[PDB]
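As provided, input-v7.cif (mmCIF, C-alpha atoms and all ligand atoms; chains and numbers go by the auth columns) reads as follows.
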data_work
loop_
_atom_site.group_PDB
_atom_site.id
_atom_site.type_symbol
_atom_site.label_atom_id
_atom_site.label_comp_id
_atom_site.label_asym_id
_atom_site.label_seq_id
_atom_site.Cartn_x
_atom_site.Cartn_y
_atom_site.Cartn_z
_atom_site.B_iso_or_equiv
_atom_site.auth_seq_id
_atom_site.auth_asym_id
ATOM 1 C CA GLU A 1 19.316 195.060 -165.512 0.00 1 G
ATOM 2 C CA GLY A 2 20.099 197.275 -168.580 0.00 2 G
ATOM 3 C CA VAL A 3 20.192 195.940 -172.169 0.00 3 G
ATOM 4 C CA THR A 4 21.313 197.389 -175.530 0.00 4 G
ATOM 5 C CA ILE A 5 18.850 196.260 -178.288 0.00 5 G
ATOM 6 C CA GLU A 6 19.589 196.376 -182.062 0.00 6 G
ATOM 7 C CA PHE A 7 16.437 197.379 -184.022 0.00 7 G
ATOM 8 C CA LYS A 8 16.609 196.688 -187.795 0.00 8 G
ATOM 9 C CA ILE A 9 15.746 199.809 -189.886 0.00 9 G
ATOM 10 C CA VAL A 10 13.056 198.753 -192.418 0.00 10 G
ATOM 11 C CA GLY A 11 14.124 198.745 -196.112 0.00 11 G
ATOM 12 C CA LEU A 12 17.825 199.312 -195.160 0.00 12 G
ATOM 13 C CA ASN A 13 20.831 197.077 -194.252 0.00 13 G
ATOM 14 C CA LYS A 14 21.209 199.265 -191.097 0.00 14 G
ATOM 15 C CA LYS A 15 20.560 198.854 -187.337 0.00 15 G
ATOM 16 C CA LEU A 16 19.697 201.288 -184.517 0.00 16 G
ATOM 17 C CA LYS A 17 21.076 200.507 -181.016 0.00 17 G
ATOM 18 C CA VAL A 18 18.747 201.608 -178.172 0.00 18 G
ATOM 19 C CA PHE A 19 19.193 201.108 -174.400 0.00 19 G
ATOM 20 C CA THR A 20 16.419 200.185 -171.879 0.00 20 G
ATOM 21 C CA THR A 21 16.392 199.324 -168.114 0.00 21 G
ATOM 22 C CA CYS A 22 12.952 197.760 -168.723 0.00 22 G
ATOM 23 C CA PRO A 23 13.420 195.211 -171.563 0.00 23 G
ATOM 24 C CA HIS A 24 10.422 193.102 -170.281 0.00 24 G
ATOM 25 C CA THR A 25 8.058 195.935 -171.551 0.00 25 G
ATOM 26 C CA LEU A 26 9.221 195.544 -175.234 0.00 26 G
ATOM 27 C CA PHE A 27 5.766 194.253 -176.434 0.00 27 G
ATOM 28 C CA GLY A 28 4.417 197.698 -175.326 0.00 28 G
ATOM 29 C CA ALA A 29 6.856 199.413 -177.779 0.00 29 G
ATOM 30 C CA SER A 30 4.991 202.126 -179.807 0.00 30 G
ATOM 31 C CA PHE A 31 8.004 204.058 -181.230 0.00 31 G
ATOM 32 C CA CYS A 32 11.788 204.550 -181.048 0.00 32 G
ATOM 33 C CA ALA A 33 13.405 207.986 -180.567 0.00 33 G
ATOM 34 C CA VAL A 34 16.945 209.410 -180.998 0.00 34 G
ATOM 35 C CA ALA A 35 18.519 212.690 -179.836 0.00 35 G
ATOM 36 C CA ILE A 36 18.589 215.710 -182.234 0.00 36 G
ATOM 37 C CA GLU A 37 22.419 215.248 -182.702 0.00 37 G
ATOM 38 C CA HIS A 38 22.270 211.426 -183.384 0.00 38 G
ATOM 39 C CA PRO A 39 24.505 210.534 -186.398 0.00 39 G
ATOM 40 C CA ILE A 40 21.609 208.473 -187.977 0.00 40 G
ATOM 41 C CA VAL A 41 20.121 211.933 -188.908 0.00 41 G
ATOM 42 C CA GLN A 42 23.061 212.732 -191.285 0.00 42 G
ATOM 43 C CA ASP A 43 23.612 209.050 -192.270 0.00 43 G
ATOM 44 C CA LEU A 44 20.039 207.980 -193.284 0.00 44 G
ATOM 45 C CA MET A 45 17.464 210.861 -193.243 0.00 45 G
ATOM 46 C CA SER A 46 16.323 213.049 -196.205 0.00 46 G
ATOM 47 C CA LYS A 47 17.861 216.512 -196.870 0.00 47 G
ATOM 48 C CA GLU A 48 14.426 218.001 -195.921 0.00 48 G
ATOM 49 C CA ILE A 49 14.343 216.237 -192.496 0.00 49 G
ATOM 50 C CA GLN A 50 18.067 217.073 -191.871 0.00 50 G
ATOM 51 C CA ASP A 51 17.284 220.747 -192.865 0.00 51 G
ATOM 52 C CA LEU A 52 14.352 220.791 -190.352 0.00 52 G
ATOM 53 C CA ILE A 53 16.480 219.385 -187.483 0.00 53 G
ATOM 54 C CA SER A 54 19.334 221.922 -188.247 0.00 54 G
ATOM 55 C CA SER A 55 17.061 225.034 -188.778 0.00 55 G
ATOM 56 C CA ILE A 56 14.190 224.696 -186.210 0.00 56 G
ATOM 57 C CA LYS A 57 14.256 224.864 -182.372 0.00 57 G
ATOM 58 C CA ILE A 58 12.251 221.731 -181.396 0.00 58 G
ATOM 59 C CA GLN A 59 9.763 223.181 -178.847 0.00 59 G
ATOM 60 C CA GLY A 60 6.103 222.291 -178.264 0.00 60 G
ATOM 61 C CA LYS A 61 3.041 224.554 -178.754 0.00 61 G
ATOM 62 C CA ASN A 62 0.688 222.391 -176.588 0.00 62 G
ATOM 63 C CA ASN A 63 3.016 219.824 -174.789 0.00 63 G
ATOM 64 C CA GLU A 64 6.773 220.148 -173.922 0.00 64 G
ATOM 65 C CA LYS A 65 7.659 216.628 -175.285 0.00 65 G
ATOM 66 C CA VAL A 66 7.741 216.828 -179.102 0.00 66 G
ATOM 67 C CA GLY A 67 9.512 215.203 -182.037 0.00 67 G
ATOM 68 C CA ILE A 68 10.023 214.953 -185.806 0.00 68 G
ATOM 69 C CA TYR A 69 9.180 211.778 -187.775 0.00 69 G
ATOM 70 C CA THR A 70 12.508 210.697 -189.429 0.00 70 G
ATOM 71 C CA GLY A 71 10.883 209.023 -192.481 0.00 71 G
ATOM 72 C CA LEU A 72 12.380 205.765 -191.059 0.00 72 G
ATOM 73 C CA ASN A 73 10.651 202.817 -189.352 0.00 73 G
ATOM 74 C CA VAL A 74 12.171 200.053 -187.196 0.00 74 G
ATOM 75 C CA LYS A 75 11.104 196.347 -187.184 0.00 75 G
ATOM 76 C CA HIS A 76 9.772 195.104 -183.796 0.00 76 G
ATOM 77 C CA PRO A 77 12.220 192.283 -182.887 0.00 77 G
ATOM 78 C CA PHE A 78 9.419 189.831 -181.761 0.00 78 G
ATOM 79 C CA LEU A 79 6.265 191.079 -183.643 0.00 79 G
ATOM 80 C CA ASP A 80 5.506 191.293 -187.404 0.00 80 G
ATOM 81 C CA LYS A 81 5.142 195.080 -186.871 0.00 81 G
ATOM 82 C CA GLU A 82 6.974 198.368 -187.746 0.00 82 G
ATOM 83 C CA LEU A 83 7.582 201.199 -185.196 0.00 83 G
ATOM 84 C CA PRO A 84 8.039 204.839 -186.283 0.00 84 G
ATOM 85 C CA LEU A 85 11.482 206.375 -185.526 0.00 85 G
ATOM 86 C CA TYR A 86 11.385 209.978 -184.173 0.00 86 G
ATOM 87 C CA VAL A 87 13.921 212.632 -183.270 0.00 87 G
ATOM 88 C CA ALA A 88 12.614 213.737 -179.801 0.00 88 G
ATOM 89 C CA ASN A 89 13.603 216.718 -177.598 0.00 89 G
ATOM 90 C CA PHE A 90 13.689 214.574 -174.364 0.00 90 G
ATOM 91 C CA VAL A 91 16.479 212.147 -175.557 0.00 91 G
ATOM 92 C CA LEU A 92 20.033 213.036 -174.340 0.00 92 G
ATOM 93 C CA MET A 93 22.632 212.556 -177.154 0.00 93 G
ATOM 94 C CA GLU A 94 25.630 211.760 -174.851 0.00 94 G
ATOM 95 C CA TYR A 95 23.713 209.411 -172.441 0.00 95 G
ATOM 96 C CA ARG A 96 24.239 205.715 -173.386 0.00 96 G
ATOM 97 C CA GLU A 97 23.130 205.217 -177.074 0.00 97 G
ATOM 98 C CA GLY A 98 21.335 208.622 -177.432 0.00 98 G
ATOM 99 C CA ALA A 99 18.374 206.388 -178.433 0.00 99 G
ATOM 100 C CA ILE A 100 15.328 204.829 -176.628 0.00 100 G
ATOM 101 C CA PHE A 101 12.297 202.650 -177.366 0.00 101 G
ATOM 102 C CA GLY A 102 8.958 204.203 -176.360 0.00 102 G
ATOM 103 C CA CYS A 103 6.674 202.304 -173.921 0.00 103 G
ATOM 104 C CA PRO A 104 3.855 204.802 -173.341 0.00 104 G
ATOM 105 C CA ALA A 105 1.812 202.529 -170.985 0.00 105 G
ATOM 106 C CA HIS A 106 4.720 202.277 -168.445 0.00 106 G
ATOM 107 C CA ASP A 107 6.891 205.418 -169.052 0.00 107 G
ATOM 108 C CA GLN A 108 5.189 208.786 -168.234 0.00 108 G
ATOM 109 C CA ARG A 109 7.532 210.564 -170.760 0.00 109 G
ATOM 110 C CA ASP A 110 6.705 208.103 -173.609 0.00 110 G
ATOM 111 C CA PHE A 111 2.989 208.392 -172.614 0.00 111 G
ATOM 112 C CA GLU A 112 2.900 212.212 -173.191 0.00 112 G
ATOM 113 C CA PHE A 113 4.796 211.768 -176.511 0.00 113 G
ATOM 114 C CA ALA A 114 2.361 208.988 -177.657 0.00 114 G
ATOM 115 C CA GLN A 115 -0.678 211.200 -176.697 0.00 115 G
ATOM 116 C CA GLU A 116 0.751 214.187 -178.680 0.00 116 G
ATOM 117 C CA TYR A 117 1.150 212.073 -181.910 0.00 117 G
ATOM 118 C CA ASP A 118 -1.716 209.513 -181.432 0.00 118 G
ATOM 119 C CA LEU A 119 0.824 206.646 -181.168 0.00 119 G
ATOM 120 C CA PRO A 120 -0.357 203.243 -179.846 0.00 120 G
ATOM 121 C CA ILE A 121 -0.580 202.825 -176.028 0.00 121 G
ATOM 122 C CA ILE A 122 -0.145 199.097 -175.194 0.00 122 G
ATOM 123 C CA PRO A 123 -0.346 198.014 -171.511 0.00 123 G
ATOM 124 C CA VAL A 124 1.890 194.943 -170.712 0.00 124 G
ATOM 125 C CA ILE A 125 2.291 194.930 -166.835 0.00 125 G
ATOM 126 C CA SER A 126 -0.924 194.153 -164.850 0.00 126 G
ATOM 127 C CA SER A 127 -1.525 196.427 -161.783 0.00 127 G
ATOM 128 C CA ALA A 128 -0.981 194.396 -158.525 0.00 128 G
ATOM 129 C CA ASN A 129 5.777 190.719 -158.480 0.00 129 G
ATOM 130 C CA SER A 130 3.229 191.912 -161.179 0.00 130 G
ATOM 131 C CA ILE A 131 2.119 189.722 -164.191 0.00 131 G
ATOM 132 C CA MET A 132 2.982 190.338 -167.905 0.00 132 G
ATOM 133 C CA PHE A 133 0.187 190.384 -170.575 0.00 133 G
ATOM 134 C CA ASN A 134 -0.137 191.432 -174.285 0.00 134 G
ATOM 135 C CA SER A 135 3.480 190.067 -174.357 0.00 135 G
ATOM 136 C CA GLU A 136 3.393 186.674 -176.250 0.00 136 G
ATOM 137 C CA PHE A 137 6.009 184.311 -174.619 0.00 137 G
ATOM 138 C CA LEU A 138 6.221 186.623 -171.512 0.00 138 G
ATOM 139 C CA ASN A 139 2.428 186.222 -170.780 0.00 139 G
ATOM 140 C CA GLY A 140 1.792 185.090 -167.145 0.00 140 G
ATOM 141 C CA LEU A 141 5.451 185.635 -166.055 0.00 141 G
ATOM 142 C CA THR A 142 6.286 187.986 -163.147 0.00 142 G
ATOM 143 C CA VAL A 143 8.336 191.130 -164.029 0.00 143 G
ATOM 144 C CA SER A 144 11.379 189.245 -162.479 0.00 144 G
ATOM 145 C CA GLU A 145 10.848 186.074 -164.630 0.00 145 G
ATOM 146 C CA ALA A 146 10.069 188.230 -167.745 0.00 146 G
ATOM 147 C CA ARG A 147 13.315 190.302 -167.337 0.00 147 G
ATOM 148 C CA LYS A 148 15.268 186.974 -167.380 0.00 148 G
ATOM 149 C CA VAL A 149 13.399 185.400 -170.369 0.00 149 G
ATOM 150 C CA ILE A 150 13.419 188.540 -172.625 0.00 150 G
ATOM 151 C CA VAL A 151 17.237 189.031 -172.195 0.00 151 G
ATOM 152 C CA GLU A 152 17.776 185.261 -172.954 0.00 152 G
ATOM 153 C CA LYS A 153 15.603 185.636 -176.144 0.00 153 G
ATOM 154 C CA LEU A 154 17.435 188.872 -177.221 0.00 154 G
ATOM 155 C CA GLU A 155 20.854 187.157 -176.659 0.00 155 G
ATOM 156 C CA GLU A 156 19.674 183.953 -178.518 0.00 156 G
ATOM 157 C CA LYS A 157 18.693 186.080 -181.604 0.00 157 G
ATOM 158 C CA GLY A 158 21.957 188.132 -181.345 0.00 158 G
ATOM 159 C CA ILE A 159 19.976 191.446 -181.202 0.00 159 G
ATOM 160 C CA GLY A 160 20.488 192.317 -177.482 0.00 160 G
ATOM 161 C CA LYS A 161 23.326 192.252 -174.902 0.00 161 G
ATOM 162 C CA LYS A 162 23.337 192.863 -171.105 0.00 162 G
ATOM 163 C CA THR A 163 24.818 196.375 -170.553 0.00 163 G
ATOM 164 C CA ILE A 164 25.649 197.730 -167.037 0.00 164 G
HETATM 165 N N1 LIG B . 11.238 204.132 -172.179 0.00 1 U
HETATM 166 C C1 LIG B . 10.962 202.677 -172.177 0.00 1 U
HETATM 167 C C2 LIG B . 11.827 201.892 -171.148 0.00 1 U
HETATM 168 O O1 LIG B . 13.207 202.210 -171.368 0.00 1 U
HETATM 169 B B1 LIG B . 13.791 203.032 -170.354 0.00 1 U
HETATM 170 O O2 LIG B . 14.044 204.299 -171.002 0.00 1 U
HETATM 171 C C3 LIG B . 15.390 204.570 -171.304 0.00 1 U
HETATM 172 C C4 LIG B . 16.123 203.590 -170.384 0.00 1 U
HETATM 173 O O3 LIG B . 15.138 202.628 -170.042 0.00 1 U
HETATM 174 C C5 LIG B . 16.540 204.428 -169.195 0.00 1 U
HETATM 175 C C6 LIG B . 18.049 204.415 -168.922 0.00 1 U
HETATM 176 O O4 LIG B . 18.378 203.383 -167.972 0.00 1 U
HETATM 177 P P1 LIG B . 19.394 203.904 -166.863 0.00 1 U
HETATM 178 O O5 LIG B . 18.854 204.706 -165.729 0.00 1 U
HETATM 179 O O6 LIG B . 20.663 204.498 -167.383 0.00 1 U
HETATM 180 O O7 LIG B . 19.664 202.573 -166.199 0.00 1 U
HETATM 181 O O8 LIG B . 16.128 205.791 -169.462 0.00 1 U
HETATM 182 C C7 LIG B . 15.806 205.940 -170.842 0.00 1 U
HETATM 183 N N2 LIG B . 16.958 206.424 -171.650 0.00 1 U
HETATM 184 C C8 LIG B . 18.014 205.687 -172.133 0.00 1 U
HETATM 185 N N3 LIG B . 18.852 206.462 -172.835 0.00 1 U
HETATM 186 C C9 LIG B . 18.366 207.727 -172.800 0.00 1 U
HETATM 187 C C10 LIG B . 18.760 208.947 -173.316 0.00 1 U
HETATM 188 N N4 LIG B . 19.884 209.064 -174.053 0.00 1 U
HETATM 189 N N5 LIG B . 17.987 210.042 -173.078 0.00 1 U
HETATM 190 C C11 LIG B . 16.847 209.979 -172.351 0.00 1 U
HETATM 191 N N6 LIG B . 16.404 208.833 -171.818 0.00 1 U
HETATM 192 C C12 LIG B . 17.127 207.690 -172.013 0.00 1 U
HETATM 193 C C13 LIG B . 12.746 203.115 -169.311 0.00 1 U
HETATM 194 C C14 LIG B . 12.696 203.638 -168.062 0.00 1 U
HETATM 195 O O9 LIG B . 13.795 204.372 -167.501 0.00 1 U
HETATM 196 C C15 LIG B . 13.834 204.626 -166.101 0.00 1 U
HETATM 197 C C16 LIG B . 15.234 205.126 -165.729 0.00 1 U
HETATM 198 C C17 LIG B . 15.560 206.442 -166.411 0.00 1 U
HETATM 199 O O10 LIG B . 14.680 207.213 -166.790 0.00 1 U
HETATM 200 N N7 LIG B . 16.865 206.675 -166.547 0.00 1 U
HETATM 201 C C18 LIG B . 17.339 207.755 -167.163 0.00 1 U
HETATM 202 N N8 LIG B . 18.621 207.915 -167.361 0.00 1 U
HETATM 203 C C19 LIG B . 19.097 209.158 -167.935 0.00 1 U
HETATM 204 C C20 LIG B . 17.877 209.983 -168.329 0.00 1 U
HETATM 205 S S1 LIG B . 16.504 209.067 -167.783 0.00 1 U
HETATM 206 C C21 LIG B . 11.581 203.527 -167.294 0.00 1 U
HETATM 207 C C22 LIG B . 10.400 202.793 -167.783 0.00 1 U
HETATM 208 C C23 LIG B . 10.457 202.249 -169.014 0.00 1 U
HETATM 209 BR BR1 LIG B . 8.949 201.252 -169.644 0.00 1 U
HETATM 210 C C24 LIG B . 11.565 202.388 -169.768 0.00 1 U
#

In structure tokens, how does this file's structure come out?
Ligand SMILES: NC[C@H]1O[B@@-]2(O[C@@H]3[C@H](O2)[C@@H](COP(=O)(O)O)O[C@H]3n2cnc3c(N)ncnc32)c2c(OCCC(=O)Nc3nccs3)ccc(Br)c21
Amino acid sequence: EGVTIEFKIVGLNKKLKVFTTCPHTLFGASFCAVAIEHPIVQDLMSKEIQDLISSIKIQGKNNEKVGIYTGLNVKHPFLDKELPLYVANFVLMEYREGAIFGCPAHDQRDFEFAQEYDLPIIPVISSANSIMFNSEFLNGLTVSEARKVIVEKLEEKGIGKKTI
């Protein structure tokens, strides 16, 4: 069920690989997040943002789930839309890609993060398998059908591959 997705970094000839078990919820994407130790920090981020990540313990005042805006955005693969890229304290560096997409409507972790930083919350699975909405070509498909179609579309565009 898992898929590795390549997000294009806006303004750069560079890609970020993220992994999701829930690729059918991609139209609910509000952000992407990498671990503190992700090499994209040293490769692409400003001295000031690198300095912050190396000097400061990332811990929340109000909420435990917190992050640092990287100064980088990612292009949504199916919408004419940019997503902010964060370093977040709840992403494991050594687990899969050390990088996630945020779906606050359907992931309780992403939800708390999105609330903390006023990031968009976009519902895409109707409460009942359940029906997709706010999801363009996935609209009206069951979660099962949508999982199949989204992976086909990602593979067709060469931006996603099935990953066990
Ligand atoms: N967030 C949006 C969407 O993407 B999912 O979020 C990603 C990914 O699919 C999933 C990993 O899949 P897997 O268990 O290895 O098959 O966990 C998050 N993740 C992947 N790399 C990660 C990493 N370095 N550090 C922390 N977290 C990671 C995800 C959900 O996941 C549930 C399972 C989970 O939580 N599995 C976990 N595995 C290890 C820590 S959490 C649930 C709902 C939704 Br809508 C989603």

Once the PyMOL selection byres (((not hetatm)) within 8 of (chain U and resi 1)) is applied to the coordinates I shared, what remains selected? I want it as an mmCIF file with C-alpha atoms, in the frame of the given file.
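selection-v4.cif was written with the following content:
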data_model
loop_
_atom_site.group_PDB
_atom_site.id
_atom_site.type_symbol
_atom_site.label_atom_id
_atom_site.label_comp_id
_atom_site.auth_asym_id
_atom_site.auth_seq_id
_atom_site.Cartn_x
_atom_site.Cartn_y
_atom_site.Cartn_z
ATOM 1 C CA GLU G 1 19.316 195.060 -165.512
ATOM 2 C CA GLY G 2 20.099 197.275 -168.580
ATOM 3 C CA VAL G 18 18.747 201.608 -178.172
ATOM 4 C CA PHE G 19 19.193 201.108 -174.400
ATOM 5 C CA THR G 20 16.419 200.185 -171.879
ATOM 6 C CA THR G 21 16.392 199.324 -168.114
ATOM 7 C CA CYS G 22 12.952 197.760 -168.723
ATOM 8 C CA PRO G 23 13.420 195.211 -171.563
ATOM 9 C CA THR G 25 8.058 195.935 -171.551
ATOM 10 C CA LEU G 26 9.221 195.544 -175.234
ATOM 11 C CA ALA G 29 6.856 199.413 -177.779
ATOM 12 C CA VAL G 34 16.945 209.410 -180.998
ATOM 13 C CA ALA G 35 18.519 212.690 -179.836
ATOM 14 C CA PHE G 90 13.689 214.574 -174.364
ATOM 15 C CA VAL G 91 16.479 212.147 -175.557
ATOM 16 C CA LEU G 92 20.033 213.036 -174.340
ATOM 17 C CA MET G 93 22.632 212.556 -177.154
ATOM 18 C CA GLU G 94 25.630 211.760 -174.851
ATOM 19 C CA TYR G 95 23.713 209.411 -172.441
ATOM 20 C CA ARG G 96 24.239 205.715 -173.386
ATOM 21 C CA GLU G 97 23.130 205.217 -177.074
ATOM 22 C CA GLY G 98 21.335 208.622 -177.432
ATOM 23 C CA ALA G 99 18.374 206.388 -178.433
ATOM 24 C CA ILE G 100 15.328 204.829 -176.628
ATOM 25 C CA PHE G 101 12.297 202.650 -177.366
ATOM 26 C CA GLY G 102 8.958 204.203 -176.360
ATOM 27 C CA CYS G 103 6.674 202.304 -173.921
ATOM 28 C CA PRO G 104 3.855 204.802 -173.341
ATOM 29 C CA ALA G 105 1.812 202.529 -170.985
ATOM 30 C CA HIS G 106 4.720 202.277 -168.445
ATOM 31 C CA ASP G 107 6.891 205.418 -169.052
ATOM 32 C CA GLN G 108 5.189 208.786 -168.234
ATOM 33 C CA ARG G 109 7.532 210.564 -170.760
ATOM 34 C CA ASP G 110 6.705 208.103 -173.609
ATOM 35 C CA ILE G 164 25.649 197.730 -167.037
#

Enclose all atoms of segment 48-52 of chain G listed in the file in an axis-aligned box, grow every side by 5 Å, and hand back centre and edge lengths in Å to one decimal, as JSON.
{"center_x": 16.2, "center_y": 218.5, "center_z": -193.1, "size_x": 13.7, "size_y": 14.6, "size_z": 15.6}

All residues 7 Å or closer to residue 77 of chain G, only C-alpha atoms, same chain fewer than 2 positions away omitted, as a list in words: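 Close residues of residue 77 of chain G: residues 7, 75 and 79 of chain G.
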
Among listed residues G:4, G:62, G:127, G:135, nearest residue 16 of chain G (using all atoms listed in the file):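 For residue 16 of chain G, the nearest of the candidates is G:4.
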
Explicit residues for the PyMOL selection byres (((chain G and resi 58) around 9) and not hetatm) (as a list in words):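 Written out, the selection comes to residues 36, 53, 56, 57, 59, 60, 66, 67, 68, 88 and 89 of chain G.
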
Neighbour list for segment 144-156 of chain G as number ranges by chain, cut-off 9 Å, all atoms listed in the file, skip fewer than 3 positions in-chain: G: 1, 3, 5, 22-26, 77, 129-132, 137-141, 159-162

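Reported to one decimal place, the separation of atom CA of residue 76 of chain G from atom CA of residue 50 of chain G is 24.8 Å.
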
Given the PyMOL selection byres (((chain G and resi 70) around 9) and not hetatm), the residues it picks as a VMD selection string: chain G and resid 41 44 to 46 49 to 50 68 to 69 71 to 73 84 to 87

Ref. answer, residues at most 6 Å from (4.6, 204.0, -181.2) with all atoms listed in the file, as a list in words: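 Nearby residues: residues 30, 31, 83, 119 and 120 of chain G.
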
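Using all atoms listed in the file, the shortest contact distance between residue 32 of chain G and any of G:14, G:63, G:82, G:55 is found at G:82.
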
Pairwise distance for atom CA of residue 123 of chain G and atom CA of residue 6 of chain G, rounded to one decimal in Å: 22.6 Å

Point-to-point distance in Å for atom CA of residue 15 of chain G and atom CA of residue 74 of chain G: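 Computing it gives 8.5 Å between the two atoms.
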
Pick from G:143, G:40, G:9, G:111, whichever lies nearest to residue 125 of chain G using only C-alpha atoms: G:143

Among listed residues G:38, G:17, G:8, G:65, nearest residue 117 of chain G (using all atoms listed in the file): G:65

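Residue nearest residue 64 of chain G, chosen from G:115, G:134, G:13, G:42 and counting all atoms listed in the file: G:115.
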
Is it possible to add N, CA, C and O atoms to segment 131-146 of chain G and hand it back as a PDB file, keeping the file's coordinate frame?
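Produced file part38.pdb, reproduced below:
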ATOM      1  N   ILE G 131       2.230 190.755-163.114  1.00  0.00           N
ATOM      2  CA  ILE G 131       2.119 189.722-164.191  1.00  0.00           C
ATOM      3  C   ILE G 131       2.165 190.396-165.570  1.00  0.00           C
ATOM      4  O   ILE G 131       1.492 191.431-165.761  1.00  0.00           O
ATOM      5  N   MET G 132       2.919 189.819-166.512  1.00  0.00           N
ATOM      6  CA  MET G 132       2.982 190.338-167.905  1.00  0.00           C
ATOM      7  C   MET G 132       1.748 189.877-168.694  1.00  0.00           C
ATOM      8  O   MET G 132       1.283 188.738-168.489  1.00  0.00           O
ATOM      9  N   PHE G 133       1.246 190.733-169.589  1.00  0.00           N
ATOM     10  CA  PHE G 133       0.187 190.384-170.575  1.00  0.00           C
ATOM     11  C   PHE G 133       0.433 191.164-171.873  1.00  0.00           C
ATOM     12  O   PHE G 133       1.348 192.022-171.902  1.00  0.00           O
ATOM     13  N   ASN G 134      -0.333 190.851-172.928  1.00  0.00           N
ATOM     14  CA  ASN G 134      -0.137 191.432-174.285  1.00  0.00           C
ATOM     15  C   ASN G 134       1.332 191.241-174.712  1.00  0.00           C
ATOM     16  O   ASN G 134       1.854 192.066-175.490  1.00  0.00           O
ATOM     17  N   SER G 135       2.003 190.189-174.234  1.00  0.00           N
ATOM     18  CA  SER G 135       3.480 190.067-174.357  1.00  0.00           C
ATOM     19  C   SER G 135       3.907 188.672-174.837  1.00  0.00           C
ATOM     20  O   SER G 135       5.071 188.303-174.564  1.00  0.00           O
ATOM     21  N   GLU G 136       3.050 187.961-175.580  1.00  0.00           N
ATOM     22  CA  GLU G 136       3.393 186.674-176.250  1.00  0.00           C
ATOM     23  C   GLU G 136       4.055 185.727-175.229  1.00  0.00           C
ATOM     24  O   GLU G 136       3.396 185.381-174.219  1.00  0.00           O
ATOM     25  N   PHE G 137       5.320 185.345-175.437  1.00  0.00           N
ATOM     26  CA  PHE G 137       6.009 184.311-174.619  1.00  0.00           C
ATOM     27  C   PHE G 137       6.257 184.809-173.185  1.00  0.00           C
ATOM     28  O   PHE G 137       6.613 183.983-172.327  1.00  0.00           O
ATOM     29  N   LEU G 138       6.079 186.102-172.900  1.00  0.00           N
ATOM     30  CA  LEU G 138       6.221 186.623-171.512  1.00  0.00           C
ATOM     31  C   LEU G 138       4.893 186.540-170.745  1.00  0.00           C
ATOM     32  O   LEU G 138       4.923 186.805-169.524  1.00  0.00           O
ATOM     33  N   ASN G 139       3.780 186.195-171.406  1.00  0.00           N
ATOM     34  CA  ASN G 139       2.428 186.222-170.780  1.00  0.00           C
ATOM     35  C   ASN G 139       2.420 185.326-169.535  1.00  0.00           C
ATOM     36  O   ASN G 139       2.864 184.155-169.638  1.00  0.00           O
ATOM     37  N   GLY G 140       1.950 185.855-168.400  1.00  0.00           N
ATOM     38  CA  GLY G 140       1.792 185.090-167.145  1.00  0.00           C
ATOM     39  C   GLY G 140       3.054 185.091-166.293  1.00  0.00           C
ATOM     40  O   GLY G 140       2.976 184.667-165.116  1.00  0.00           O
ATOM     41  N   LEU G 141       4.190 185.537-166.837  1.00  0.00           N
ATOM     42  CA  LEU G 141       5.451 185.635-166.055  1.00  0.00           C
ATOM     43  C   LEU G 141       5.384 186.866-165.149  1.00  0.00           C
ATOM     44  O   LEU G 141       4.765 187.883-165.538  1.00  0.00           O
ATOM     45  N   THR G 142       6.027 186.792-163.988  1.00  0.00           N
ATOM     46  CA  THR G 142       6.286 187.986-163.147  1.00  0.00           C
ATOM     47  C   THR G 142       7.266 188.895-163.896  1.00  0.00           C
ATOM     48  O   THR G 142       7.969 188.408-164.814  1.00  0.00           O
ATOM     49  N   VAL G 143       7.315 190.170-163.521  1.00  0.00           N
ATOM     50  CA  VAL G 143       8.336 191.130-164.029  1.00  0.00           C
ATOM     51  C   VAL G 143       9.735 190.491-163.889  1.00  0.00           C
ATOM     52  O   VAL G 143      10.514 190.557-164.868  1.00  0.00           O
ATOM     53  N   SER G 144      10.053 189.877-162.742  1.00  0.00           N
ATOM     54  CA  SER G 144      11.379 189.245-162.479  1.00  0.00           C
ATOM     55  C   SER G 144      11.667 188.146-163.509  1.00  0.00           C
ATOM     56  O   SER G 144      12.751 188.178-164.129  1.00  0.00           O
ATOM     57  N   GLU G 145      10.736 187.204-163.667  1.00  0.00           N
ATOM     58  CA  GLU G 145      10.848 186.074-164.630  1.00  0.00           C
ATOM     59  C   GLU G 145      10.972 186.641-166.054  1.00  0.00           C
ATOM     60  O   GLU G 145      11.844 186.178-166.816  1.00  0.00           O
ATOM     61  N   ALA G 146      10.130 187.621-166.396  1.00  0.00           N
ATOM     62  CA  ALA G 146      10.069 188.230-167.745  1.00  0.00           C
ATOM     63  C   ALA G 146      11.403 188.906-168.087  1.00  0.00           C
ATOM     64  O   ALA G 146      11.854 188.768-169.242  1.00  0.00           O
TER      65      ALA G 146
END
